[PDB]
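Enquirer: Here it is, the structure in full.
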2 protein chains.
Amino acid sequence: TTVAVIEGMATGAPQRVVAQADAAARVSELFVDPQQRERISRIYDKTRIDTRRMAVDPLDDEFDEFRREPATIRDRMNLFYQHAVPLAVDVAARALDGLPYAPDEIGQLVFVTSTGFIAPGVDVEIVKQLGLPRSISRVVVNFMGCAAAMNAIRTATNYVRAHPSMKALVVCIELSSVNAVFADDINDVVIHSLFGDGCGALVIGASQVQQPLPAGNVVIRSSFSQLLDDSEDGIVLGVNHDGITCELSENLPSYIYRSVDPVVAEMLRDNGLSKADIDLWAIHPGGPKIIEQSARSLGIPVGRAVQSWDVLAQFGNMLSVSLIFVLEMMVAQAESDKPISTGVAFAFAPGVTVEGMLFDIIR
Amino acid sequence: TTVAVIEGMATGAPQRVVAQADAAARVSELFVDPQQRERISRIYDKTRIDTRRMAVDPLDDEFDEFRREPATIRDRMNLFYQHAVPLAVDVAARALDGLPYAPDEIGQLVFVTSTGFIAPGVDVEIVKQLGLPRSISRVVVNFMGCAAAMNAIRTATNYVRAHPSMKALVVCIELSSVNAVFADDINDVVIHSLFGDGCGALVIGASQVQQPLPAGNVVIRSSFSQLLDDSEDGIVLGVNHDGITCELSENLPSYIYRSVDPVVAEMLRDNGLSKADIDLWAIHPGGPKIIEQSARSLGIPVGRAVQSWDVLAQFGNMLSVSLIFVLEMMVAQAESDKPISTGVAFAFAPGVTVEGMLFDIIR
Ligand SMILES: CCCCCCCCCCCCCC(=O)O
Ligand SMILES: CCCCCCCCCCCCCC(=O)O
């Protein structure tokens, strides 16, 4: 009878732009070994990141000494809150603005992050400051990683199709900068070169199938998941005494290489399509190997997913948020004379799990 | 067209029973003051708890010294994992056992906890060890507190009604014992006297309304939420360097007193019933003030919610899990000759939010 649709959308990020050249220079200062300082310069170079938005400054000496201290986890969580509320309120609002709905119509808020833990959290502030119904259904989704926006979209899809008349509001926000530390190990150095801050927001609504939908609407055709074997170590998320971390496996790129195509293939098979029918590839911009290996698993030229590279270059990895950016860019660039430019988004989660969705943008 | 139903259900807990008399004695030893040692004895007495199940021992001197140490948060999270996987796997299985369905029918797993953070986490192990489809949709719900099973049920309700043919599996597990510490403050002493360990599991399925449903089925009539004003401080959840905490306000009981009736009233009004039509009150057994004040807000004798007191007495507060226990007891005790014994469950979440549901048990 029915099918889900993105009716509004928006993005935001901390004002502070941080040039990768500076970050690399600032980090290189610290190591002062011939091999060590060299290794670091090389790592930052390979990231394909020009800038990241960061709510906390790596410039301030006052923040420097705090980052050194042990047992600060709780202060960082409060700091996530202190910076996230205005950002998330602002972006949620912008997603709702220019829509013809009463707040009474907004029946779900799915809040998403893997970079702060605190309750009552940001989700409550969204409903208070935006004036959403206090009877709103809420779901807080945590530690589902870079791919968490797919899990959130899937959840909102189920809401609006089960309650046609109502809308679902999804908000993702990630403040990696809040969890920044000094490098105990190689993985610390790598992680701290990639992750940035950002938030994104989506309003989802139902639709009777074969309605003349608005232009700019994105239709959630289908969603998909695959939990993989032999790749528990791929993406790991933890809570340390001095911050939340993500620990990546050296083998993650080959995990991704071996898993992307068959998963995406099977999805297309069950949807009755081919790589030929896909105009857009919203590969999560987690890093250069993540895009490269996704693309080389599929049959596609690396640089085809141009929005993914663009977002990585400008923002870095904003975990769950990145794919919202990718999608907003894709809606902006009407790159075809076709009525529906259709695409596939996917990302990777601890498991390893491949999460994604097929969608048609209504031009 | 349709409405949701609980088709299977199960509970479990750490083997180790801890008598409150011992716990109180063990904790009283630690303070050596006339007022101090006295105050503590009084607190434990007031809890209305005989026993709690605990995955970690308060007996072992080896565990004693670890509980003292700072910055152990990450080890505790791994410890949550080490103990949660078998429990959660076992209970999820038992919820599924004695059911006709193939694993291909299980399309959602909503995993719930506010007492450990780790990825890849327990949810992945449920699908691996239970052999559930790897294409299963997952949602991990964290820090939604004692009431999180209502948020999870609601979410599963939306899944099965949006995908009639499939089932949703909900698993809640809470291991407070993992987060145990030495008391920095009065609230630490109070918290450590109430919270225990437990898990529960639910299989939810769809149904065409006016089907002769099975006996023992519980029908999710409706769910409800209310985010309150001026009660941010009521229930607070945080992540410290040496464990996750919950900080309760002295005013929480009056927050509950002032909010339960109008919220529950309005729900009944929108469902067209009265307190008269409610045969069962599944008040979250968070503590004696929580039940007492809920009951005195509503028009009901305190001791009416007998399952709530029973569960508190035997297990303590197992946050999200407790209401599953309450419901399992209620299904067990067929207390009426009526065909449908109907009830209301609710609980309290950081916000403060009142979350709950109306249900008819098909007897
Ligand atoms: C999913 C958890 C993400 C954990 C983030 C830890 C790393 C934060 C990196 C923030 C950028 C800091 C770079 C710098 O030191 O200049
Ligand atoms: C939602 C977070 C709850 C944090 C719970 C921390 C304390 C749990 C108490 C476990 C019982 C410890 C035994 C005792 O000292 O009596």
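As shown in the structure tokens, the chain order sets the letters A, B, ...; within each chain, residues go from 1, and ligands are also counted from 1 in the order they appear.
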Produce a table with one row for each residue of chain A that has an atom at most 12 Å from any atom of ligand 2, each row naming the nearest atom pair and its distance in Å at one decimal; use only C-alpha atoms and all ligand atoms; arrange rows by chain and rising residue number; format as JSON lines.
Expert:
{"residue": "A:117", "atom": "CA", "partner": "ligand 2", "partner_atom_place_in_ligand_line": "1 (C)", "distance": 11.9}
{"residue": "A:118", "atom": "CA", "partner": "ligand 2", "partner_atom_place_in_ligand_line": "1 (C)", "distance": 11.0}
{"residue": "A:119", "atom": "CA", "partner": "ligand 2", "partner_atom_place_in_ligand_line": "1 (C)", "distance": 10.1}
Enquirer: Residues of chain B no more than 8 Å from chain A, counting only C-alpha atoms: send them over as a PDB file with N, CA, C and O atoms, in the first residue's frame.
Expert:
ATOM      1  N   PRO B  70      40.829   3.591  40.081  1.00  0.00           N
ATOM      2  CA  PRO B  70      40.291   4.570  39.155  1.00  0.00           C
ATOM      3  C   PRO B  70      40.508   4.106  37.710  1.00  0.00           C
ATOM      4  O   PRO B  70      41.267   3.171  37.484  1.00  0.00           O
ATOM      5  N   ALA B  71      39.811   4.737  36.765  1.00  0.00           N
ATOM      6  CA  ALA B  71      40.074   4.607  35.329  1.00  0.00           C
ATOM      7  C   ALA B  71      39.821   3.207  34.722  1.00  0.00           C
ATOM      8  O   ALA B  71      40.334   2.875  33.638  1.00  0.00           O
ATOM      9  N   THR B  72      38.983   2.421  35.379  1.00  0.00           N
ATOM     10  CA  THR B  72      38.734   1.055  34.967  1.00  0.00           C
ATOM     11  C   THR B  72      37.541   0.905  34.028  1.00  0.00           C
ATOM     12  O   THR B  72      37.119  -0.222  33.736  1.00  0.00           O
ATOM     13  N   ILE B  73      36.981   2.024  33.572  1.00  0.00           N
ATOM     14  CA  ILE B  73      35.728   2.013  32.804  1.00  0.00           C
ATOM     15  C   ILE B  73      35.742   0.983  31.680  1.00  0.00           C
ATOM     16  O   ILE B  73      34.786   0.212  31.552  1.00  0.00           O
ATOM     17  N   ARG B  74      36.828   0.956  30.902  1.00  0.00           N
ATOM     18  CA  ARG B  74      36.909   0.063  29.756  1.00  0.00           C
ATOM     19  C   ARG B  74      36.861  -1.409  30.176  1.00  0.00           C
ATOM     20  O   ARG B  74      36.108  -2.190  29.584  1.00  0.00           O
ATOM     21  N   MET B  77      33.328  -2.347  30.887  1.00  0.00           N
ATOM     22  CA  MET B  77      32.574  -2.524  29.661  1.00  0.00           C
ATOM     23  C   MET B  77      32.871  -3.908  29.078  1.00  0.00           C
ATOM     24  O   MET B  77      31.955  -4.637  28.715  1.00  0.00           O
ATOM     25  N   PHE B 117      28.680  -0.422  27.416  1.00  0.00           N
ATOM     26  CA  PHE B 117      28.878   0.141  26.069  1.00  0.00           C
ATOM     27  C   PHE B 117      30.067  -0.468  25.396  1.00  0.00           C
ATOM     28  O   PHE B 117      31.185  -0.272  25.823  1.00  0.00           O
ATOM     29  N   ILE B 118      29.828  -1.172  24.309  1.00  0.00           N
ATOM     30  CA  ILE B 118      30.880  -1.884  23.597  1.00  0.00           C
ATOM     31  C   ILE B 118      30.355  -2.298  22.241  1.00  0.00           C
ATOM     32  O   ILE B 118      29.181  -2.623  22.115  1.00  0.00           O
ATOM     33  N   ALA B 119      31.229  -2.256  21.229  1.00  0.00           N
ATOM     34  CA  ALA B 119      30.866  -2.619  19.861  1.00  0.00           C
ATOM     35  C   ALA B 119      32.079  -3.237  19.187  1.00  0.00           C
ATOM     36  O   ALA B 119      33.168  -2.660  19.295  1.00  0.00           O
ATOM     37  N   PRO B 120      31.933  -4.377  18.496  1.00  0.00           N
ATOM     38  CA  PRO B 120      30.671  -5.099  18.334  1.00  0.00           C
ATOM     39  C   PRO B 120      30.243  -5.698  19.656  1.00  0.00           C
ATOM     40  O   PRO B 120      31.082  -6.170  20.407  1.00  0.00           O
ATOM     41  N   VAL B 124      25.294  -8.705  18.283  1.00  0.00           N
ATOM     42  CA  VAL B 124      25.876  -9.462  17.182  1.00  0.00           C
ATOM     43  C   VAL B 124      25.906 -10.937  17.582  1.00  0.00           C
ATOM     44  O   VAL B 124      25.536 -11.799  16.785  1.00  0.00           O
ATOM     45  N   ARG B 134      21.555 -13.051   8.894  1.00  0.00           N
ATOM     46  CA  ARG B 134      22.553 -11.988   8.946  1.00  0.00           C
ATOM     47  C   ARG B 134      22.049 -10.658   8.362  1.00  0.00           C
ATOM     48  O   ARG B 134      22.600  -9.602   8.668  1.00  0.00           O
ATOM     49  N   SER B 135      20.989 -10.740   7.556  1.00  0.00           N
ATOM     50  CA  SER B 135      20.270  -9.590   7.072  1.00  0.00           C
ATOM     51  C   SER B 135      19.286  -9.008   8.080  1.00  0.00           C
ATOM     52  O   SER B 135      18.501  -8.125   7.736  1.00  0.00           O
ATOM     53  N   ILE B 136      19.327  -9.471   9.321  1.00  0.00           N
ATOM     54  CA  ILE B 136      18.471  -8.922  10.369  1.00  0.00           C
ATOM     55  C   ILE B 136      18.803  -7.461  10.641  1.00  0.00           C
ATOM     56  O   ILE B 136      19.978  -7.069  10.632  1.00  0.00           O
ATOM     57  N   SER B 137      17.734  -6.689  10.851  1.00  0.00           N
ATOM     58  CA  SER B 137      17.773  -5.291  11.206  1.00  0.00           C
ATOM     59  C   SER B 137      18.036  -5.203  12.652  1.00  0.00           C
ATOM     60  O   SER B 137      17.388  -5.876  13.423  1.00  0.00           O
ATOM     61  N   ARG B 138      18.974  -4.352  13.021  1.00  0.00           N
ATOM     62  CA  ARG B 138      19.299  -4.126  14.398  1.00  0.00           C
ATOM     63  C   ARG B 138      19.231  -2.657  14.750  1.00  0.00           C
ATOM     64  O   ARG B 138      19.420  -1.743  13.879  1.00  0.00           O
ATOM     65  N   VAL B 139      18.911  -2.474  16.031  1.00  0.00           N
ATOM     66  CA  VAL B 139      18.826  -1.208  16.691  1.00  0.00           C
ATOM     67  C   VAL B 139      19.327  -1.435  18.100  1.00  0.00           C
ATOM     68  O   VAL B 139      18.823  -2.274  18.776  1.00  0.00           O
ATOM     69  N   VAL B 140      20.312  -0.681  18.538  1.00  0.00           N
ATOM     70  CA  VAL B 140      20.850  -0.780  19.877  1.00  0.00           C
ATOM     71  C   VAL B 140      20.366   0.468  20.578  1.00  0.00           C
ATOM     72  O   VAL B 140      20.608   1.559  20.121  1.00  0.00           O
ATOM     73  N   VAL B 141      19.698   0.309  21.700  1.00  0.00           N
ATOM     74  CA  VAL B 141      19.066   1.402  22.401  1.00  0.00           C
ATOM     75  C   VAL B 141      19.765   1.530  23.730  1.00  0.00           C
ATOM     76  O   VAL B 141      19.754   0.600  24.513  1.00  0.00           O
ATOM     77  N   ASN B 142      20.352   2.677  24.010  1.00  0.00           N
ATOM     78  CA  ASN B 142      21.177   2.837  25.197  1.00  0.00           C
ATOM     79  C   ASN B 142      20.810   4.071  25.951  1.00  0.00           C
ATOM     80  O   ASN B 142      20.340   5.038  25.393  1.00  0.00           O
ATOM     81  N   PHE B 143      21.038   4.022  27.244  1.00  0.00           N
ATOM     82  CA  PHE B 143      20.781   5.152  28.116  1.00  0.00           C
ATOM     83  C   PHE B 143      19.333   5.679  28.106  1.00  0.00           C
ATOM     84  O   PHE B 143      19.081   6.824  28.491  1.00  0.00           O
ATOM     85  N   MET B 144      18.370   4.834  27.741  1.00  0.00           N
ATOM     86  CA  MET B 144      16.953   5.185  27.886  1.00  0.00           C
ATOM     87  C   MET B 144      16.363   4.612  29.187  1.00  0.00           C
ATOM     88  O   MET B 144      15.135   4.682  29.394  1.00  0.00           O
ATOM     89  N   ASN B 151      10.197   1.727  25.082  1.00  0.00           N
ATOM     90  CA  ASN B 151      10.734   2.331  23.858  1.00  0.00           C
ATOM     91  C   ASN B 151      11.056   1.225  22.831  1.00  0.00           C
ATOM     92  O   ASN B 151      10.758   1.383  21.633  1.00  0.00           O
ATOM     93  N   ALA B 152      11.632   0.119  23.324  1.00  0.00           N
ATOM     94  CA  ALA B 152      11.937  -1.066  22.507  1.00  0.00           C
ATOM     95  C   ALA B 152      10.703  -1.780  21.977  1.00  0.00           C
ATOM     96  O   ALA B 152      10.648  -2.136  20.811  1.00  0.00           O
ATOM     97  N   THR B 155       9.169   0.303  19.298  1.00  0.00           N
ATOM     98  CA  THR B 155       9.953   0.159  18.074  1.00  0.00           C
ATOM     99  C   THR B 155       9.653  -1.143  17.322  1.00  0.00           C
ATOM    100  O   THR B 155       9.507  -1.134  16.097  1.00  0.00           O
ATOM    101  N   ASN B 158       6.294  -1.084  15.594  1.00  0.00           N
ATOM    102  CA  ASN B 158       6.353  -0.390  14.298  1.00  0.00           C
ATOM    103  C   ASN B 158       6.917  -1.301  13.214  1.00  0.00           C
ATOM    104  O   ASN B 158       6.462  -1.232  12.078  1.00  0.00           O
ATOM    105  N   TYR B 159       7.878  -2.164  13.566  1.00  0.00           N
ATOM    106  CA  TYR B 159       8.460  -3.115  12.602  1.00  0.00           C
ATOM    107  C   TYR B 159       7.472  -4.129  12.079  1.00  0.00           C
ATOM    108  O   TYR B 159       7.320  -4.294  10.876  1.00  0.00           O
ATOM    109  N   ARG B 161       4.235  -4.261  12.295  1.00  0.00           N
ATOM    110  CA  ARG B 161       3.056  -3.720  11.605  1.00  0.00           C
ATOM    111  C   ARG B 161       3.417  -3.214  10.227  1.00  0.00           C
ATOM    112  O   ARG B 161       2.598  -3.291   9.323  1.00  0.00           O
ATOM    113  N   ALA B 162       4.642  -2.715  10.069  1.00  0.00           N
ATOM    114  CA  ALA B 162       5.169  -2.343   8.752  1.00  0.00           C
ATOM    115  C   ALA B 162       5.616  -3.545   7.913  1.00  0.00           C
ATOM    116  O   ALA B 162       5.692  -3.439   6.704  1.00  0.00           O
ATOM    117  N   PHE B 224       2.700   4.776  25.190  1.00  0.00           N
ATOM    118  CA  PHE B 224       2.615   6.198  25.438  1.00  0.00           C
ATOM    119  C   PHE B 224       3.828   6.756  26.130  1.00  0.00           C
ATOM    120  O   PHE B 224       4.509   6.047  26.853  1.00  0.00           O
ATOM    121  N   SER B 225       4.059   8.042  25.905  1.00  0.00           N
ATOM    122  CA  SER B 225       5.226   8.752  26.368  1.00  0.00           C
ATOM    123  C   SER B 225       4.807  10.137  26.839  1.00  0.00           C
ATOM    124  O   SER B 225       3.876  10.709  26.302  1.00  0.00           O
ATOM    125  N   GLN B 226       5.494  10.669  27.838  1.00  0.00           N
ATOM    126  CA  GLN B 226       5.346  12.054  28.189  1.00  0.00           C
ATOM    127  C   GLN B 226       6.625  12.585  28.793  1.00  0.00           C
ATOM    128  O   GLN B 226       7.019  12.188  29.889  1.00  0.00           O
ATOM    129  N   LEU B 227       7.259  13.503  28.058  1.00  0.00           N
ATOM    130  CA  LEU B 227       8.416  14.235  28.556  1.00  0.00           C
ATOM    131  C   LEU B 227       7.952  15.398  29.437  1.00  0.00           C
ATOM    132  O   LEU B 227       7.192  16.249  29.007  1.00  0.00           O
ATOM    133  N   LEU B 228       8.440  15.409  30.673  1.00  0.00           N
ATOM    134  CA  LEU B 228       8.036  16.369  31.666  1.00  0.00           C
ATOM    135  C   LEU B 228       8.910  17.616  31.722  1.00  0.00           C
ATOM    136  O   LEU B 228      10.117  17.630  31.386  1.00  0.00           O
ATOM    137  N   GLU B 232      14.531  17.724  34.798  1.00  0.00           N
ATOM    138  CA  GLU B 232      15.750  17.259  34.128  1.00  0.00           C
ATOM    139  C   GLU B 232      16.609  16.469  35.087  1.00  0.00           C
ATOM    140  O   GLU B 232      17.180  15.442  34.703  1.00  0.00           O
ATOM    141  N   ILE B 235      16.291  11.804  36.913  1.00  0.00           N
ATOM    142  CA  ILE B 235      17.034  10.611  36.659  1.00  0.00           C
ATOM    143  C   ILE B 235      18.142  11.040  35.729  1.00  0.00           C
ATOM    144  O   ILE B 235      17.865  11.603  34.683  1.00  0.00           O
ATOM    145  N   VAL B 236      19.384  10.806  36.142  1.00  0.00           N
ATOM    146  CA  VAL B 236      20.550  11.187  35.392  1.00  0.00           C
ATOM    147  C   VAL B 236      21.460   9.986  35.185  1.00  0.00           C
ATOM    148  O   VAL B 236      21.767   9.273  36.141  1.00  0.00           O
ATOM    149  N   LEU B 237      21.921   9.782  33.953  1.00  0.00           N
ATOM    150  CA  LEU B 237      22.812   8.695  33.673  1.00  0.00           C
ATOM    151  C   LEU B 237      24.092   9.249  33.123  1.00  0.00           C
ATOM    152  O   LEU B 237      24.077  10.121  32.251  1.00  0.00           O
ATOM    153  N   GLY B 238      25.201   8.728  33.631  1.00  0.00           N
ATOM    154  CA  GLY B 238      26.508   9.202  33.238  1.00  0.00           C
ATOM    155  C   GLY B 238      27.541   8.110  33.136  1.00  0.00           C
ATOM    156  O   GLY B 238      27.368   6.995  33.638  1.00  0.00           O
ATOM    157  N   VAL B 239      28.639   8.461  32.488  1.00  0.00           N
ATOM    158  CA  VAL B 239      29.755   7.567  32.348  1.00  0.00           C
ATOM    159  C   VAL B 239      30.941   8.165  33.070  1.00  0.00           C
ATOM    160  O   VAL B 239      31.509   9.161  32.609  1.00  0.00           O
ATOM    161  N   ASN B 240      31.304   7.558  34.206  1.00  0.00           N
ATOM    162  CA  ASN B 240      32.533   7.937  34.923  1.00  0.00           C
ATOM    163  C   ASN B 240      33.716   7.050  34.561  1.00  0.00           C
ATOM    164  O   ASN B 240      33.568   5.973  33.994  1.00  0.00           O
ATOM    165  N   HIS B 241      34.892   7.539  34.918  1.00  0.00           N
ATOM    166  CA  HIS B 241      36.123   6.804  34.735  1.00  0.00           C
ATOM    167  C   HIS B 241      36.159   5.431  35.390  1.00  0.00           C
ATOM    168  O   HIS B 241      36.928   4.584  34.971  1.00  0.00           O
ATOM    169  N   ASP B 242      35.337   5.215  36.410  1.00  0.00           N
ATOM    170  CA  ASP B 242      35.290   3.936  37.122  1.00  0.00           C
ATOM    171  C   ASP B 242      33.900   3.289  37.106  1.00  0.00           C
ATOM    172  O   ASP B 242      33.588   2.485  37.982  1.00  0.00           O
ATOM    173  N   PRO B 350      15.166   9.104  32.259  1.00  0.00           N
ATOM    174  CA  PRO B 350      15.735  10.467  32.279  1.00  0.00           C
ATOM    175  C   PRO B 350      14.899  11.427  31.442  1.00  0.00           C
ATOM    176  O   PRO B 350      14.461  11.047  30.343  1.00  0.00           O
ATOM    177  N   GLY B 351      14.660  12.629  31.983  1.00  0.00           N
ATOM    178  CA  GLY B 351      13.867  13.629  31.272  1.00  0.00           C
ATOM    179  C   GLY B 351      13.308  14.664  32.215  1.00  0.00           C
ATOM    180  O   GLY B 351      13.730  15.810  32.148  1.00  0.00           O
ATOM    181  N   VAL B 352      12.386  14.302  33.113  1.00  0.00           N
ATOM    182  CA  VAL B 352      11.862  12.942  33.272  1.00  0.00           C
ATOM    183  C   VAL B 352      10.822  12.626  32.197  1.00  0.00           C
ATOM    184  O   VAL B 352       9.989  13.464  31.849  1.00  0.00           O
TER     185      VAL B 352
END
Enquirer: Check every protein, DNA and RNA residue against ligand 1, keep those with an atom at most 6 Å away (counting only C-alpha atoms and all ligand atoms), and present them as a list in words.
Expert: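 Within the 6 Å cut-off, the matching residues are residues 23, 58, 114, 115, 176, 177, 179, 180, 191, 192, 193, 195, 196, 244, 245 and 246 of chain A.
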Enquirer: Output N, CA and C atoms of each residue in that selection to a file, as a PDB file, in the first residue's frame.
Expert:
ATOM      1  N   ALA A  23      46.970  20.560  11.629  1.00  0.00           N
ATOM      2  CA  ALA A  23      46.801  19.417  12.505  1.00  0.00           C
ATOM      3  C   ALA A  23      48.015  18.505  12.422  1.00  0.00           C
ATOM      4  N   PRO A  58      42.166  22.036  18.874  1.00  0.00           N
ATOM      5  CA  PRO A  58      43.503  21.500  19.160  1.00  0.00           C
ATOM      6  C   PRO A  58      44.580  22.570  19.300  1.00  0.00           C
ATOM      7  N   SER A 114      27.674   8.057  18.325  1.00  0.00           N
ATOM      8  CA  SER A 114      28.560   7.067  18.936  1.00  0.00           C
ATOM      9  C   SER A 114      29.728   7.785  19.647  1.00  0.00           C
ATOM     10  N   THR A 115      29.578   9.088  19.885  1.00  0.00           N
ATOM     11  CA  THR A 115      30.668   9.959  20.379  1.00  0.00           C
ATOM     12  C   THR A 115      30.357  10.707  21.656  1.00  0.00           C
ATOM     13  N   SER A 176      33.676  14.025  17.403  1.00  0.00           N
ATOM     14  CA  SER A 176      34.886  13.273  17.658  1.00  0.00           C
ATOM     15  C   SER A 176      35.840  14.092  18.493  1.00  0.00           C
ATOM     16  N   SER A 177      35.901  15.394  18.200  1.00  0.00           N
ATOM     17  CA  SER A 177      36.879  16.309  18.793  1.00  0.00           C
ATOM     18  C   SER A 177      36.876  16.259  20.308  1.00  0.00           C
ATOM     19  N   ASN A 179      36.461  13.686  22.065  1.00  0.00           N
ATOM     20  CA  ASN A 179      37.095  12.455  22.526  1.00  0.00           C
ATOM     21  C   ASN A 179      38.576  12.385  22.225  1.00  0.00           C
ATOM     22  N   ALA A 180      39.166  13.530  21.892  1.00  0.00           N
ATOM     23  CA  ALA A 180      40.561  13.592  21.477  1.00  0.00           C
ATOM     24  C   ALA A 180      41.529  13.386  22.640  1.00  0.00           C
ATOM     25  N   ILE A 191      43.536   7.312  13.917  1.00  0.00           N
ATOM     26  CA  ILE A 191      42.170   7.682  14.233  1.00  0.00           C
ATOM     27  C   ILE A 191      42.065   9.196  14.322  1.00  0.00           C
ATOM     28  N   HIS A 192      43.039   9.801  14.979  1.00  0.00           N
ATOM     29  CA  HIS A 192      42.946  11.218  15.216  1.00  0.00           C
ATOM     30  C   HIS A 192      43.197  12.042  13.946  1.00  0.00           C
ATOM     31  N   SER A 193      43.704  11.427  12.884  1.00  0.00           N
ATOM     32  CA  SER A 193      43.845  12.097  11.594  1.00  0.00           C
ATOM     33  C   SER A 193      42.590  12.083  10.706  1.00  0.00           C
ATOM     34  N   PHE A 195      38.850  11.574  11.957  1.00  0.00           N
ATOM     35  CA  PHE A 195      37.516  11.834  12.477  1.00  0.00           C
ATOM     36  C   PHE A 195      37.311  13.302  12.718  1.00  0.00           C
ATOM     37  N   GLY A 196      36.167  13.804  12.265  1.00  0.00           N
ATOM     38  CA  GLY A 196      35.736  15.175  12.525  1.00  0.00           C
ATOM     39  C   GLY A 196      34.363  15.257  13.154  1.00  0.00           C
ATOM     40  N   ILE A 244      36.044   8.138  24.375  1.00  0.00           N
ATOM     41  CA  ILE A 244      35.546   7.071  23.541  1.00  0.00           C
ATOM     42  C   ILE A 244      36.557   6.868  22.433  1.00  0.00           C
ATOM     43  N   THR A 245      36.858   5.604  22.103  1.00  0.00           N
ATOM     44  CA  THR A 245      37.689   5.268  20.928  1.00  0.00           C
ATOM     45  C   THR A 245      37.024   4.324  19.974  1.00  0.00           C
ATOM     46  N   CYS A 246      37.594   4.355  18.777  1.00  0.00           N
ATOM     47  CA  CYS A 246      37.301   3.470  17.677  1.00  0.00           C
ATOM     48  C   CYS A 246      38.637   2.860  17.315  1.00  0.00           C
TER      49      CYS A 246
END
Enquirer: Neighbouring residues of residue A:86 were defined as those with any atom within 10 Å, considering only C-alpha atoms; residues of the same chain fewer than 6 positions away were excluded. Please report them as a PDB file with N, CA and C atoms, in the first residue's frame.
Expert:
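Dumped to around25.pdb:
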ATOM      1  N   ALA A  92      18.208  20.290  13.363  1.00  0.00           N
ATOM      2  CA  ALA A  92      16.865  19.691  13.403  1.00  0.00           C
ATOM      3  C   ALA A  92      15.802  20.697  12.948  1.00  0.00           C
ATOM      4  N   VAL A 122      20.607  14.926  24.387  1.00  0.00           N
ATOM      5  CA  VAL A 122      20.341  15.955  23.417  1.00  0.00           C
ATOM      6  C   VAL A 122      18.939  15.812  22.845  1.00  0.00           C
ATOM      7  N   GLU A 125      16.348  17.878  24.534  1.00  0.00           N
ATOM      8  CA  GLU A 125      16.502  19.292  24.180  1.00  0.00           C
ATOM      9  C   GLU A 125      15.991  19.621  22.818  1.00  0.00           C
ATOM     10  N   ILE A 126      16.062  18.679  21.914  1.00  0.00           N
ATOM     11  CA  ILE A 126      15.462  18.863  20.616  1.00  0.00           C
ATOM     12  C   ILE A 126      13.958  19.042  20.814  1.00  0.00           C
ATOM     13  N   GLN A 129      13.326  22.569  22.913  1.00  0.00           N
ATOM     14  CA  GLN A 129      13.630  23.789  22.184  1.00  0.00           C
ATOM     15  C   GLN A 129      12.858  23.868  20.874  1.00  0.00           C
TER      16      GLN A 129
END
Enquirer: Run DSSP on the backbone and grab whatever in stretch 2-61 of chain A lands in helix (DSSP H, G or I); send it over as a ChimeraX atom specification.
Expert: /A:20-31,34-46,61
Enquirer: Mind checking which residues fall within 12 Å of residue A:276, counting only C-alpha atoms, ignoring those fewer than 2 positions away in the same chain, and posting them as a ChimeraX atom specification?
Expert: /A:265,268,272-274,278-281,298-300,342-344
Enquirer: Can you list every residue in stretch 198-355 of chain B that DSSP puts in strand (DSSP E or B), as a PyMOL selection string?
Expert: chain B and resi 198-208+218-227+235-240+243-248+280-283+317+340-349+353-355
Enquirer: Using only C-alpha atoms, determine which residues lie at most 8 Å from residue B:314, disregarding the query and same-chain residues fewer than 5 positions distant; provide the list as a PDB file with N, CA and C atoms, in the first residue's frame.
Expert:
ATOM      1  N   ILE B  49      14.036  -4.988  49.494  1.00  0.00           N
ATOM      2  CA  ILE B  49      14.734  -5.978  48.709  1.00  0.00           C
ATOM      3  C   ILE B  49      15.295  -7.071  49.636  1.00  0.00           C
ATOM      4  N   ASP B  50      14.943  -8.318  49.340  1.00  0.00           N
ATOM      5  CA  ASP B  50      15.521  -9.479  50.002  1.00  0.00           C
ATOM      6  C   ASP B  50      16.782  -9.949  49.285  1.00  0.00           C
ATOM      7  N   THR B  51      16.702 -10.028  47.959  1.00  0.00           N
ATOM      8  CA  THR B  51      17.780 -10.570  47.158  1.00  0.00           C
ATOM      9  C   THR B  51      17.984  -9.809  45.871  1.00  0.00           C
ATOM     10  N   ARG B  52      19.205  -9.893  45.349  1.00  0.00           N
ATOM     11  CA  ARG B  52      19.500  -9.469  43.997  1.00  0.00           C
ATOM     12  C   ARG B  52      20.441 -10.475  43.358  1.00  0.00           C
TER      13      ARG B  52
END
Enquirer: Choose the residue, out of B:305, B:24, B:291, B:109, that has the smallest atom-to-atom separation from residue B:171; count only C-alpha atoms.
Expert: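 Checking each candidate against residue B:171, we get B:109 as the closest.
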Enquirer: For residue A:295, find every residue with an atom within 10 Å (counting only C-alpha atoms), except residues of its own chain fewer than 5 positions away, and show them as a list in words.
Expert: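 Final neighbour list, sorted by chain and number: residues 256, 257, 260, 261, 281, 283, 289, 290, 300, 301, 302, 303, 304 and 305 of chain A.
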Enquirer: What is the atom CA of residue A:292-atom CA of residue A:330 distance in Å, reported with one decimal?
Expert: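 Pair atom CA of residue A:292 / atom CA of residue A:330 returns 19.4 Å.
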Enquirer: Near residue A:339, within 9 Å and counting only C-alpha atoms, which residues show up once chain neighbours fewer than 6 positions away are dropped, as a PyMOL selection string?
Expert: chain A and resi 361-363
